[PDB]
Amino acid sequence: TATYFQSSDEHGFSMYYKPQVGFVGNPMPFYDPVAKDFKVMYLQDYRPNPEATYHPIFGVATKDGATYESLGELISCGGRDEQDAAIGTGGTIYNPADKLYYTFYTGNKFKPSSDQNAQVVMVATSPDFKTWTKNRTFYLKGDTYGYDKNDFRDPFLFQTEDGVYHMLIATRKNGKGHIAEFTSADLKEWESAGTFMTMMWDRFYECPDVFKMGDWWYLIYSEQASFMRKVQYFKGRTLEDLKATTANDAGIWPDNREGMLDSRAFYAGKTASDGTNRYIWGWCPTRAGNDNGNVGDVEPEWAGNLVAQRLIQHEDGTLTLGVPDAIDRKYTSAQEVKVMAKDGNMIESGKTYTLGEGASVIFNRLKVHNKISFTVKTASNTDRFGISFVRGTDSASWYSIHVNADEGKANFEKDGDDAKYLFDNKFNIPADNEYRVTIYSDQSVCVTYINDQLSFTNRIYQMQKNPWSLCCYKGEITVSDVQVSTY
């Protein structure tokens, strides 16, 4: 049938990774140049978390962002009264001069006095990536360098070609967000290089990531402002050009969409390259009560599932995200696609489905891990269509990605009874009115890609073992080459 089925997630997820117990918080992806794979450290979340001692650094190893090997607890929390009672994001770099991996991280003091440092940068090292030893005498306090006591976090490490090691830290100075820069020859002694970049207006850029790709420098960041809660970027041809983008609040956006790569269900994205591709790892939030339409009052829930995406550098230097090749390759097993119900102005005709305003088609029940592809041609570039999940023939409500060409964005919405707008994802509308759609799912987590322009991560509890649907809200669409593969 095509009746709504009360499906449920497994404890663990293997592709949009989640451990058996707990959730994936801020990722710390690192290409390990000795093992020649990615070590994705991440902040381990539980429900509930201890009050004082939470968010230890766990790890998974992956070659390709599709299959993961669990590494367990790597850098554990300090004691209740220590500066790193709770751990926040940082960054890793391998030093071949002593053959040690250095992971810098944020030590979060439990209930600091007004004079204590809530947030301090600390470090641990490892020869093998298995046993980590804290440097119990290393503390980098923002305070000391005229930066903030309480917001001083998310250290990002990279080495420029001159061999100098750089550390960028999200902080504040003089009532404004500053990415602070520190330098070192050896990773042990550090000097202030002043402010790398100011943060636009009263925004705050969490989880900064600076890298060179082809002939452009990029800053990728996660915006803490409650109205945004998305992963954004800036670009520049030189390092100095990059830094200038936010100088005096210049606001030199890299593209026509303020460098917004994804929406509010992909956060804390940070990147790593194997020399062939650069991937980004972020998390897709959980929802309270498993309710796809409870996306938080001000901010979503923190942590959920690991989501890997692939950076696409366009030839004007702009970035979009597409699927990792190895994720796509996992979907080997073709499923039959059959119409289960029709409504309104809707025509099936061989393997082509045409829909006008108000019309919908419901297809057969998905499996657990799904790849859904189809081409959508619209009549005009003011038209609007819907990609709907958890839509049984008896569902009063369901969850849809609205592609509104007139508004130049996709939305995620609750449709049906108790319909409501949730959030959006601006992308480049095709000139030829043609949308090549791919959707990859692992249980309740999916990313929708269109034309190498849109990358839209969503949390959709119960999309698995439930029917899906296409609809037209405005104008007319014709739909072709509908496939579903699974694994």
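The first residue of the shown sequence is 1; numbering continues from there.
For the pair 75-83 and 373-381, the record assigns the higher mean C-alpha temperature factor to 373-381. Mean C-alpha B-factor is higher over 307-315 than over the other stretch, the pair under comparison being 307-315 and 120-128. Across 184, 171, 103, 114, the entry's maximum B-factor at the CA atom is seen for 114. Per the deposited coordinates, the residue with the largest Cα temperature factor out of 321, 157, 405, 265 is 405.
When the CA B factors of the chain's modelled residues are split into thirds, the value for residue 41 lands in the lowest one. Ranked within its chain, residue 17 lands in the lowest third, by CA B factor from the PDB record. Ranked within its chain, residue 254 lands in the middle third, by CA B factor from the PDB record.
Among the modelled residues of its chain, residue 210 has a C-alpha B-factor that falls in the lowest third according to the deposited record. Ranked against the other modelled residues of its chain, the C-alpha B-factor of residue 435 as given in the entry falls in the middle third.
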